[PDB]
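Note that this note's numbering numbers the sequence shown so that position 24 is 35, with each residue one more than the last.
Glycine is no exception: its CB is placed at the ideal position from the N, C-alpha and C atoms.
Data block below; observations after.
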Amino acid sequence: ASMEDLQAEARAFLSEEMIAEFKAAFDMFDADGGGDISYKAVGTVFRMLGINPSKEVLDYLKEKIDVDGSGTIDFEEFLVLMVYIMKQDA
Ligand SMILES: [Ca+2]
């Protein structure tokens, strides 16, 4: 449900301007070459936006993101994990 339900609210928190830099860092790790990167790549991207790759997220991405079994994260799967931590990021 990480992508499906969560992307809906994600766009409410993250602005399109924010998405601009999100996709900038995301695009460099494009695995399928279209809108799709591996969730592990986040390690570098998370550093660019200043997000903390915590224990919860690593455990969360498998069951909530890749319940879909893509082995990767589409931009829709990606936006969620960023805003997920960022929303509570103090
Ligand atoms: Ca997936």
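DSSP beta-bridge partners for residue 77? Looking at the DSSP assignment, residue 77 forms no beta bridge with any residue, so it has no partner.
By the 10 Å Cβ neighbour count, where 16 or more other Cβ atoms means buried, how is residue 14 classified, buried or exposed? Result: buried.
With distances taken from CA atoms, which of 98, 83 and 79 is nearest residue 47? 83
Which value, in whole angstroms, describes the spacing of the CA atoms of residue 21 and residue 42? A direct Cα-to-Cα measurement between residue 21 and residue 42 gives close to 23 angstroms.
Sorted by chain position, which residues of the same chain lie with C-beta nearer than 8 angstroms to residue 81's C-beta, five sequence neighbours on each side aside? 47 and 88
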